[PDB]
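Below, chains carry the letters A, B, ... as their sequence lines are ordered, and counting in each starts from 1.
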Amino acid sequence: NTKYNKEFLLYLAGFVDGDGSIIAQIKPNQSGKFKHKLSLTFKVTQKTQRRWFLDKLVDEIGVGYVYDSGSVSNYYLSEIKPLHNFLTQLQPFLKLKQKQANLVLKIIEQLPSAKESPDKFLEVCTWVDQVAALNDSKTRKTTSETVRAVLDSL
Amino acid sequence: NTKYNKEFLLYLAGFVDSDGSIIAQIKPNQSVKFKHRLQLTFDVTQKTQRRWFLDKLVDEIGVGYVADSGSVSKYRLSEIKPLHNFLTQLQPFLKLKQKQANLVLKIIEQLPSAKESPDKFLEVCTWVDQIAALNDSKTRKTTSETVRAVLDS
DNA sequence: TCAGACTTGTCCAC
DNA sequence: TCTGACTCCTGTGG
DNA sequence: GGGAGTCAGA
DNA sequence: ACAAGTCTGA
Ligand SMILES: [Mn+2]
Ligand SMILES: [Mn+2]
Ligand SMILES: [Mn+2]
């Protein structure tokens with residue numbers, strides 16, 4: 001568990017609140033238990049001209065990746081454990097995306113017990129909904145009701 | 001000279017590098033000596049839904065204003081004296097717009113000596129070009145060569 | 001099976 | 001003369 | 001985000 | 001920014 005410098009977390013919080021994104025997703029997973037996979041993603045977006053800035057993040061955070069998609073690049077962290085460690089420390093400084101961060105931390109911690117009953121799983125799916133609500137969601141498909149419909153059919 | 005909290009400057013520098021903007025503009029003006037005035041602007045942009053975040057920023061910086069147009073609000077500061085004081089403290093924490101900040105500070109310090117000789121004024125406008133060059137400029141019209149053409153008369 | 005790497009799309013928030 | 005507040009718009013980088 | 005403009009006041 | 005996806009390994 002890496003400890004991060006405070007002045008680093010303070011700057012990063014502002015940048016994340018500006019050009020970053022905290023994402024919770026319910027992904028279709030046929031080869032699975034409830035046909036639905038959960039995905040948590042911390043993401044920092046920036047133009048490829050400044051890919052170096054996002055490259056620095058990989059070294060400073062210690063994990064994550066940088067991929068290209070047009071004229072724009074993104075930093076990408078989805079690995080649950082370093083994600084929980086990173087968001088735990090960044091959260092006290094976030095202003096605009098603090099609640100999304102907290103819901104993600106809360107989803108991660110309740111993740112193993114959500115693999116049990118579908119009821120507990122669907123409850124966690126509703127927490128995914130709230131994150132999308134707090135973001136500027138525009139192109140969302142799979143929600144908690146998309147899970148319930150497939151689950152009640154079973 | 002209101003001095004700002006270091007933790008506040010660190011967070012703000014991050015938000016400025018992300019959603020902020022440091023703008024140097026060469027505006028035309030017939031009443032003015034060289035037919036062109038200069039304007040420096042610190043700008044933080046956010047949708048009106050989160051205008052409150054910009055409202056806090058005004059109270060925190062003490063100076064500035066929030067303007068609305070469409071679905072987006074904006075904090076702005078163009079008052080030279082408070083802007084110079086503010087950018088001075090904010091500069092060391094900037095990472096993506098640090099060069100823009102320093103150039104603006106450079107322009108401001110060479111401002112009273114720019115209203116003198118045309119050759120000096122052209123040099124200051126060249127600094128404005130660099131700022132637009134460092135930025136993601138896409139709608140710029142008046143450059144230093146525009147001033148050059150007008151100056152030859 | 002399943003989390004994690006890596007890609008593609010779109011609408012707007014800058 | 002001259003500055004700064006204020007509005008509106010484009011074209012992306014988120 | 002990063003300009004273009006117009007205006008009232010100083 | 002906020003999604004939507006594919007596919008490979010253990
Ligand atoms: Mn933003
Ligand atoms: Mn940005
Ligand atoms: Mn942004």
Using a distance-only criterion (donor-acceptor N/O pair, under 3.5 Å, no hydrogens), is the base of [N] paired with the side chain of [X]?
X     : N      : value
B:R76 : D:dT7  : yes
A:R50 : D:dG13 : no
A:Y76 : C:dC6  : yes
A:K47 : D:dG14 : no

Report task. Measure from NZ or CZ of B:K95 to the centre of the six-membered ring of A:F53, then state whether that distance is under 6.0 Å and the direction lies within 45° of the axis. Result -> no

Query raised in the report: Groove contacted by the A:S31 side chain at under 5.0 Å, major or minor?
Result: major

Hey, is the side chain of [X] poking within less than 4.0 Å of OP1 or OP2 on [N], counting only N and O atoms?
X     : N      : result
B:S71 : C:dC12 : no
A:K27 : C:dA3  : no
B:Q25 : E:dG2  : no
A:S21 : F:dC2  : yes

Query raised in the report: Expressed in whole Å, how much space separates the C1' atoms belonging to C:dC12 and E:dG1?
Result: 13 Å

**Report entry** Side chain A:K35, main chain A:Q30, donor-acceptor under 3.5 Å
**Finding:** yes

Query raised in the report: Can you tell which of D:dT3, C:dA13, E:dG1 lies closest to the side chain of A:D136?
Result: C:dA13

Report summary line: Of F:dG5, C:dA5, C:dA13, the nucleotide closest to the side chain of A:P28 is F:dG5

Requested in this report: Determine the contact category for A:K33: base if any of its heavy atoms lies under 4.0 Å from a base atom, sugar-phosphate if only primed atoms, P, OP1 or OP2 are that close, otherwise nothing.
Outcome: sugar-phosphate

Report task. Calculate the interatomic distance between A:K35 atom NZ and C:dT1 atom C1'; express it in whole Å. Result -> 11 Å

